[PDB]
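*Asks:* sequence below, structure please.
(2 chains)
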Amino acid sequence: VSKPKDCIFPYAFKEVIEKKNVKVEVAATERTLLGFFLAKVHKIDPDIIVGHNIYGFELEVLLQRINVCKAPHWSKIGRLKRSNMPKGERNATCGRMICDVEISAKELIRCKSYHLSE
Amino acid sequence: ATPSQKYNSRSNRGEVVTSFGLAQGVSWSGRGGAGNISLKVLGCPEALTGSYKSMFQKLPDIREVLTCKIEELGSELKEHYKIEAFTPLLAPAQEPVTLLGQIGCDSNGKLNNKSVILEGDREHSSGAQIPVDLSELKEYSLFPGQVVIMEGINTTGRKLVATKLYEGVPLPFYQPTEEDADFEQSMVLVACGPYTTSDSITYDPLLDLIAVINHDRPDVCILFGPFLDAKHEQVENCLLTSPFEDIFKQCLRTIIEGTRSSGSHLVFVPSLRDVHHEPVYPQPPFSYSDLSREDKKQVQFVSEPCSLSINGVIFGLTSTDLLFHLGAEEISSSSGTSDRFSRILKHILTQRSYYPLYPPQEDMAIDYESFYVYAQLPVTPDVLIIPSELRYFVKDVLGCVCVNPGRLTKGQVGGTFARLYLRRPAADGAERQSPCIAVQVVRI
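*Replies:* Numbering: from 1, shown residues only, chains lettered A, B, ... in the order given. Have a look at this structure:
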């Protein structure tokens, strides 16, 4: 978790955290949080990524909130070291498969909607 | 007992209420029928000649139309501003996008800064509608049905915050052949009904017109319906003792004849208010056979609207109050100092139709099937005659002399008509040399 710019983490958070034992690494700049992820990813090194509305919202946000704050080594989200990022999606995480539950959900079941909620 | 009383006791008679071009005296006069007068009907396939093809529409096609409408223009707007690709109105993104669509209101009322919405095209956004946020837009002119290219940010894909509203692009103007520069000066009169006072059936003004037609001996007299006003009190309560069809032939005579000496070509333009004609825009020409070999060389019947060539001089012709419509439903960023009209008319030249505003005034039926083939502008008119219940005027815009002669009649009082003087000058120079050299709106 990070913080905006006009906000400040509530007081004692880090500590109040440390009391209820929760692996919640707190970053200061979105740029921090982003690099962090990009980091975890590199060593966790997933082969498949499962999210929701991945291909239609999130996957992009990220790839932009990242080039926005020029985080260190976007390419990590990948598995093929690369210099410049295209705006371009499927190619972003090359070497890593992306499961989009929204998509596979429809293709696999009938429902009123396909918002995570339903 | 009284009828036309006030009309004929008019003293403003003959008064010029506006001029334009190069000051002219009061001695307006053309050579009559003298010399060559080339009246060529122009547009898409010769702007309709028969009654119709029908009066029954298939929703599955109106759709097809409205879509082409947007696609076409778009297709070309995209080639002009050289944009790379439009974005679906439904696909979200953080970066700025360039959508393609047509405005439209979100309810049954008066379009407004809040309620605007854009309905994309089929080809890209398979008709999705996404409301529009203008707070962040500086200069904008919008009207329902306005084919528009917008650039803004739609992140959630459920609202686009406009950042730029590309400016409409009109069509090139007509390329004069060498023959058209060899024609001499002509003077076109122009007037539109009602041609009678709302309290009488005298057609007095009609006559005055005639006389005036004679006196000044104009080369062309384009006359706009309603000859028999579907709205004239007596006509709507059917108190007339004569059949419509007749009444109309009646006036048609009086005028053809009343002006046989003049030597002026007569070009009639039908109106949706002409009780006796096909209440369907675009309308077909008028129907009449009572014509000598003589009058057949002197009168001509044309659709509504139309693109007619008066000596390599491309005129635009429409009887429908396109201006009191578009203008009733238009939104802008400025009110301090801007020319309402000069704007509305501006869209007209860029929208490429004789009535883009869609959906169309509550009382103005249209058959889009036909509308696709017979109501598009061919080239930016050299002159535009857009009658209207709105005060007289003549403004040059985007190289087009837009003229509104006002009504020959207005309720119980005297109206106006207008005249233009033409002649296409010397070939070379900084291109645009408005063949229309001057004009005057005159009371009658």
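*Asks:* buried ones in stretch B:358-376?
*Replies:* With burial defined by 16 or more other Cβ atoms under 10 Å in any protein chain shown, the residues of stretch B:358-376 counted as buried are B:358, B:360-361, B:364, B:366-372, B:374-376. For every residue, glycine as well, the C-beta is placed using N, CA and C.
*Asks:* likewise stretch B:272-282?
*Replies:* The neighbour-count criterion (16+ other Cβ under 10 Å) identifies B:272-278, B:280-282 as the buried residues of stretch B:272-282.
*Asks:* okay if I get the buried residues of stretch B:358-376 as a markdown table plus distance to chain A and secondary structure?
*Replies:* Output for these, formatted as a markdown table (distance: Cβ to the nearest Cβ, whole Å; DSSP: H, G, I helix; E, B strand; the rest coil):
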| residue | distance to chain A | secondary structure |
| --- | --- | --- |
| B:358 | 32 | coil |
| B:360 | 37 | coil |
| B:361 | 40 | coil |
| B:364 | 41 | coil |
| B:366 | 39 | strand |
| B:367 | 40 | coil |
| B:368 | 35 | helix |
| B:369 | 38 | helix |
| B:370 | 42 | helix |
| B:371 | 38 | helix |
| B:372 | 36 | helix |
| B:374 | 43 | helix |
| B:375 | 41 | coil |
| B:376 | 38 | strand |
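*Asks:* between the buried residues of stretch B:272-282, which is nearest residue B:129?
*Replies:* Of all those, the one sitting nearest residue B:129 is residue B:281; the distance, using Cβ to Cβ, is 26.3 Å.
*Asks:* picking that back up, residue A:68: which of the buried residues of stretch B:358-376 is nearest?
*Replies:* residue B:358 (41.0 Å).
*Asks:* now the closest one: how far from residue B:141?
*Replies:* According to Cβ to Cβ, to the nearest Å, residue B:358 stands 17 Å off from residue B:141.
*Asks:* still on that earlier bit, most widely separated two among the buried residues of stretch B:272-282?
*Replies:* When Cβ to Cβ is used, the two most widely separated members of the buried residues of stretch B:272-282 are B:275 and B:282, lying 18.1 Å apart.
*Asks:* can you show me the helices along chain A?
*Replies:* Listed from the start of the chain, chain A has helices (DSSP state H) covering A:13-19, A:30-44, A:59-68, A:101-106.
*Asks:* among the ones you listed, which is nearest chain B?
*Replies:* Nearest to chain B among the helices of chain A is helix A:59-68 (4.7 Å), distances taken as Cβ to the nearest Cβ.
*Asks:* could you count how many residues lie near residue B:23?
*Replies:* Here the neighbour count serves as a burial measure; for residue B:23 (other Cβ atoms under 10 Å in any protein chain shown) it reads 8.
*Asks:* ditto for the one 5 residues further on
*Replies:* Residue crowding around residue B:28 was assessed by other Cβ under 10 Å; the count is 20.
*Asks:* you'd agree it is up against residue B:188?
*Replies:* No. Shown here, residue B:28 and residue B:188 do not form a contact pair, counting by Cβ atoms under 8 Å, at 10.8 Å.
*Asks:* any common contacting residues for those two?
*Replies:* Among the neighbours of residue B:28, those also in contact with residue B:188 (Cβ atoms under 8 Å, 6 or more residues apart in numbering or on different chains) are residue B:419.
*Asks:* how much space between residue B:325 and residue B:366?
*Replies:* Taking Cβ to Cβ as the measure, residue B:325 and residue B:366 are separated by 12 Å.
*Asks:* which residues do those two both contact?
*Replies:* B:355, B:360.
*Asks:* against residue B:384, how distant is the residue nearest the centre of chain A?
*Replies:* The centroid of chain A falls nearest to residue A:62 when counting by Cα atoms, centre = their mean (6.0 Å). Using Cβ to Cβ, we find residue A:62 at a distance of 54 Å from residue B:384.
*Asks:* what of residue B:373?
*Replies:* The separation that residue B:373 has from residue B:384, given Cβ to Cβ, amounts to 20 Å.
*Asks:* now do the helices in chain B.
*Replies:* All helices of chain B, identified by DSSP H, fall at B:5-8, B:59-80, B:122-125, B:204-216, B:233-236, B:244-257, B:295-298, B:322-326, B:340-351, B:368-374.
*Asks:* which neighbouring elements make contact with the fifth one?
*Replies:* Counting by 3 or more Cβ pairs under 8 Å, 6 or more residues apart in numbering or on different chains; DSSP states H and E, no packing neighbours are recorded for helix B:233-236 among the helices and strands.
*Asks:* mind listing what's buried in it?
*Replies:* residue B:235.
*Asks:* residues making contact with it?
*Replies:* Identification of contacts with helix B:233-236 by Cβ under 8 Å, 6+ apart yields B:198-199, B:201, B:228-230, B:240, B:244, B:275.
*Asks:* hmm, 7 Å instead?
*Replies:* Taking Cβ atoms under 7 Å, 6 or more residues apart in numbering or on different chains as the criterion, the residues outside helix B:233-236 that touch it are B:198, B:201, B:228-230, B:240, B:275.
*Asks:* please apply the same query to the fourth one.
*Replies:* Contacts with helix B:204-216, where a contact means Cβ under 7 Å, 6+ apart, come from B:4, B:7-8, B:28-29, B:189, B:191, B:195-197, B:221, B:251, B:254-255, B:258-259, B:261-262, B:264, B:408-409, B:415, B:417, B:444.
*Asks:* kindly report the same for the first one.
*Replies:* Taking contacts as Cβ under 7 Å, 6+ apart, the residues outside helix B:5-8 that touch it are B:197, B:204-205, B:412-414.
*Asks:* and that helix, C-alpha only, in PDB?
*Replies:* As requested, the backbone C-alpha atoms of helix B:5-8 are provided in PDB (Å, rounded to 0.1, in the frame of the first residue of the first chain):
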ATOM      1  CA  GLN B   5     -56.100  46.400 -44.900                       C
ATOM      2  CA  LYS B   6     -52.900  47.000 -43.000                       C
ATOM      3  CA  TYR B   7     -50.800  45.300 -45.600                       C
ATOM      4  CA  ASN B   8     -51.600  47.600 -48.400                       C
END
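*Asks:* contacting residues for the closest residue to residue B:411 other than its chain neighbours?
*Replies:* The spatially closest residue to residue B:411, leaving aside those adjacent along the chain, is residue B:198, at 5.1 Å (Cβ to Cβ, 6 or more residues apart in numbering or on different chains). When contacts are counted by Cβ under 7 Å, 6+ apart, residue B:198 touches B:232-233, B:411-412.
*Asks:* of the buried residues of stretch B:272-282, which is the nearest to residue A:32?
*Replies:* For those, the residue nearest residue A:32 by Cβ to Cβ is residue B:281; the value is 64.5 Å.
*Asks:* the closest one touches residue B:364, doesn't it?
*Replies:* Yes. Under the criterion of Cβ atoms under 7 Å, residue B:281 makes contact with residue B:364 at 6.5 Å.
*Asks:* common neighbours of these two, please.
*Replies:* Taking Cβ under 7 Å, 6+ apart as the contact criterion, the common neighbours of residue B:281 and residue B:364 are B:272, B:320.
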